[PDB]
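K.L.:
any chance you can model this:
(2 chains, ligands or ions: 2)
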Protein chains: 2
Amino acid sequence: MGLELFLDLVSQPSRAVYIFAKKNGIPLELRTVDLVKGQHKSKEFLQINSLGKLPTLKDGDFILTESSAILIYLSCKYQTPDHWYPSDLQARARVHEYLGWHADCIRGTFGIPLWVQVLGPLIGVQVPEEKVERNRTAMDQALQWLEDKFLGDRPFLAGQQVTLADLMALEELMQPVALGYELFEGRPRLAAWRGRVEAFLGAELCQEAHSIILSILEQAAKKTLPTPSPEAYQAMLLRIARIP
Amino acid sequence: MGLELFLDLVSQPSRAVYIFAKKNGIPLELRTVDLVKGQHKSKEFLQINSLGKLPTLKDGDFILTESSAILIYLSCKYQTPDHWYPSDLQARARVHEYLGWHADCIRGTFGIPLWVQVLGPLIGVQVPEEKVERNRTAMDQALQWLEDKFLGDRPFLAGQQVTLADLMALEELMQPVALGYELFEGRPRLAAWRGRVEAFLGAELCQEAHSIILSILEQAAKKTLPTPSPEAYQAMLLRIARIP
Ligand SMILES: N[C@@H](CCC(=O)N[C@@H](CSCc1cccc2ccccc12)C(=O)NCC(=O)O)C(=O)O
Ligand SMILES: N[C@@H](CCC(=O)N[C@@H](CSCc1cccc2ccccc12)C(=O)NCC(=O)O)C(=O)O
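P.N.:
Numbers count the residues shown, from 1 in each chain, chains lettered A, B, ... in the order given. Ligands and ions are numbered 1, 2, ... in the order given. Find the structure here:
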């Protein structure tokens, strides 16, 4: 088959999807798309995903987006292990519920530090301290609900075994981390779950799945950051503009 | 069975879920939860849904949340018509992709007018003009991507026939409307799809599904609005606080 997977490993959902595929070893044609540069706006990329977003999966002439769908379609088409995306009514619901809450409270809330720290200043824009504080206190606020509301005493957000819910979560939460935010500091229930997930998944994977963002603060300083194209500049300006 | 459905028809997801169930006629014990009042924070409600959010479905001793999950679990358990939540790979993905994008760009963006106009002032807080403008220009921006990116020339966001994607969408979009925003004004592609969905669903349903929010601006003025409990106050304070 060789369905192409256009992503940028600096993008948390992009990561999550890339860990699933490989970990469940799926033939994929990893087509890098430089977000920071603005490749995801190149007229040529827009002929594949009108929205100009990452990651987008091109299977056949069927171009799908949103990691949630991508992963699930992946899991389905590629009959991956059941524990991943269960078939049990109660089961699946628990993932669909998290992925529903994840996109509300986690998504867009745990990637702000990069804009405050790297992307923002990349285009001369400085984010307001208040928004910075407000966002961080907004983070743990999520981390708690994620800590005791979903995780609880069980081993996983979505239940008993690893699930896309955990792949999404842990990836999203890896950004503030790689930036210098140790969110698992005062959270053993959290530090453990993550490490539990990591354990299962494997070092070599996680050790390369991240990398890009782990070094990100460096290239930043060493100004190894590409200058965003006007199209990217816009979206960078919009994003920073919806920081509450 | 008689699984209970705790909701408030002033809450868009609450509506969407309530339209599916009845329209596909499912035994439901509609347990009203006054959001504006703060019943969704009553210690008693919290013993049902720790998060204190609406809607939450109590089937058996299995308490599920997030309309997405609820609806899907509903559809499944209640083997509802296929067109709803397809079984076709390509098919389902298209819903899973929209509901993925819906939660990003539509959810949280199309309910701000109510806070700017009713709920905000309810507790003496006034939202800044900028946030107001910013949000509206942020709406159509969504309306366009929804208009031509998902809808396109086809009859539905998620494909050819009505689907939870359309139930969710149109409901979310009904709030700005009921408040005085005619989002289908300069949008025939949009005005039509909505009316097409409406057609299918039925007046009597939609004529009662909404109502609550349609009258909402009046009770507002005639001060028929209950005074929020301290717990509600907080949440309204937080919400208004994440208005970009
Ligand atoms: N719900 C879908 C949304 C994907 C998404 O928002 N993708 C973001 C990128 S992740 C975030 C991200 C990481 C690293 C560098 C970046 C530089 C510029 C902008 C975002 C960056 C996107 O496409 N953004 C482009 C856009 O929205 O225009 C999903 O989960 O996949
Ligand atoms: N992804 C899930 C989230 C549901 C949700 O956010 N529900 C909101 C209510 S909708 C929005 C809404 C409409 C009318 C009056 C309201 C008064 C106070 C707060 C919100 C109001 C909620 O539970 N909010 C409570 C909370 O988050 O604490 C879904 O789609 O169902």
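
K.L.:
which SS class is residue A:74?
P.N.:
For residue A:74, the secondary structure call by DSSP: H, G, I helix; E, B strand; the rest coil comes out as helix.

K.L.:
residues touching it, list them.
P.N.:
A:17, A:20-21, A:24, A:26, A:57, A:80 (Cβ atoms under 8 Å, 6 or more residues apart in numbering or on different chains). Using the backbone N, CA and C atoms, a C-beta is placed for each residue, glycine as well.

K.L.:
between those, which sits nearest residue A:90?
P.N.:
Each of those was scored against residue A:90 by Cβ to Cβ, and residue A:80 proved nearest at 19.8 Å.

K.L.:
thought the closest one was touching residue A:24?
P.N.:
Yes: under the criterion of Cβ atoms under 8 Å, residue A:80 is in contact with residue A:24, at a separation of 4.5 Å.

K.L.:
between the two, point out the one with more neighbours.
P.N.:
Comparing residue A:80 with residue A:24 by other Cβ atoms under 10 Å in any protein chain shown, the one with more neighbours is residue A:80, at 20 against 15.

K.L.:
is it fair to say the more buried one lies in a helix?
P.N.:
No: if the criterion is three-state DSSP, then residue A:80 is coil and not within a helix.

K.L.:
residue contacts, it?
P.N.:
Listed by Cβ under 8 Å, 6+ apart, the contact set of residue A:80 reads A:20, A:24, A:26, A:74.

K.L.:
could you list the domains of chain A?
P.N.:
Using curated CATH domains, the domain ranges for chain A come out as A:1-82, A:83-244.

K.L.:
and the contacts of residue A:74, which of them are buried?
P.N.:
A:17, A:20-21, A:26, A:57, A:80 (16 or more other Cβ atoms under 10 Å in any protein chain shown).

K.L.:
which one of the contacts of residue A:74 is nearest to residue B:68?
P.N.:
With Cβ to Cβ as the yardstick, the closest approach to residue B:68 among these comes from residue A:17, at 19.1 Å.

K.L.:
could you find the closest non-adjacent residue to the closest one?
P.N.:
For residue A:17, the nearest residue in space outside its immediate sequence neighbours is residue A:67; the separation is 4.6 Å by Cβ to Cβ, 6 or more residues apart in numbering or on different chains.

K.L.:
for residue A:1, same thing?
P.N.:
residue A:27 (5.7 Å).

K.L.:
over to residue A:32?
P.N.:
Looking at residue A:32 with Cβ to Cβ, 6+ apart, the closest residue is residue A:8, at 6.6 Å.

K.L.:
quick one: is the longest helix that chain A contains near ligand 2?
P.N.:
Longest helix of chain A, by residue count under DSSP state H: helix A:129-144. No: contact between helix A:129-144 and ligand 2 is absent, the nearest approach being 11.6 Å (criterion: Cβ under 6 Å from any ligand atom).

K.L.:
and the very next helix or strand once past that helix, what does it pack against?
P.N.:
Toward the C-terminal end, the helix or strand that comes next after helix A:129-144 (DSSP states H and E) is helix A:164-172. With contacts defined as 3 or more Cβ pairs under 8 Å, 6 or more residues apart in numbering or on different chains; DSSP states H and E, helix A:164-172 has these neighbours: helix A:12-23, helix A:67-77, helix A:89-101, helix A:188-201.

K.L.:
list, one by one, the residues from chain A near chain B.
P.N.:
Within reach of chain B by Cβ under 8 Å from any Cβ of the partner chain, chain A has these residues: A:50-51, A:62, A:64-69, A:72-73, A:76-77, A:89-90, A:92-94, A:96-97, A:99-101, A:103-104, A:107-108, A:134, A:138, A:145, A:149, A:241-244.

K.L.:
thinking again about what came up before, from the contacts of residue A:74, pick the one nearest ligand 1.
P.N.:
residue A:17 (7.7 Å; Cβ to the nearest ligand atom).

K.L.:
what distance do you get for the most centrally placed residue in chain A to residue A:111?
P.N.:
Centroid-nearest residue in chain A: residue A:12, 2.0 Å away (criterion: Cα atoms, centre = their mean). In this structure, residue A:12 and residue A:111 are 6 Å apart, going by Cβ to Cβ, to the nearest Å.

K.L.:
any residues in contact with both of the two?
P.N.:
The overlap between the contact sets of residue A:12 and residue A:111 (Cβ under 8 Å, 6+ apart) consists of A:172, A:175.

K.L.:
residue contacts, the residue lying closest to residue A:119 once chain neighbours are set aside?
P.N.:
Counting by Cβ to Cβ, 6+ apart, residue A:119 lies nearest to residue A:236, which is 6.0 Å off, once chain neighbours are set aside. Listed by Cβ under 8 Å, 6+ apart, the contact set of residue A:236 reads A:115, A:119-120, A:122-123, A:125, A:228.

K.L.:
which of these tops the neighbour count?
P.N.:
Counting neighbours by other Cβ under 10 Å, the top entry in the contacts of residue A:236 is residue A:119, with 25 neighbours.

K.L.:
what sits against it?
P.N.:
When the contact criterion is Cβ under 8 Å, 6+ apart, the partners of residue A:119 are A:36, A:236, A:239-240.

K.L.:
residue of chain A nearest ligand 2, please.
P.N.:
residue A:100 (4.8 Å).

K.L.:
hang on, that residue packs against residue B:66?
P.N.:
Yes: if you go by Cβ under 8 Å, residue A:100 and residue B:66 touch, sitting 3.2 Å apart.

K.L.:
higher neighbour count, the two?
P.N.:
residue B:66 (27 against 23).

K.L.:
OK, contacts around that one?
P.N.:
A:96-97, A:100-101, B:13.

K.L.:
same question, residue A:92
P.N.:
Counting by Cβ under 8 Å, 6+ apart, residue A:92 touches A:85-86, B:72-73, B:76.

K.L.:
between those, which is closest to ligand 1?
P.N.:
Checking the contacts of residue A:92 against ligand 1 by Cβ to the nearest ligand atom gives residue A:85 as the nearest, at 15.7 Å.

K.L.:
residue A:109: how many residues sit nearby?
P.N.:
Neighbour count of residue A:109, defined by other Cβ under 10 Å: 19.

K.L.:
nearest residue to residue A:176 other than its sequence neighbours?
P.N.:
For residue A:176, the nearest residue in space outside its immediate sequence neighbours is residue A:113; the separation is 4.8 Å by Cβ to Cβ, 6+ apart.

K.L.:
hmm, the one you found is touching residue A:181, no?
P.N.:
Yes: Residue A:113 lies in contact with residue A:181 (Cβ under 8 Å); the separation is 6.0 Å.

K.L.:
hey, what's in contact with both of the two?
P.N.:
Counting by Cβ under 8 Å, 6+ apart, the common neighbours of residue A:113 and residue A:181 are residue A:136.
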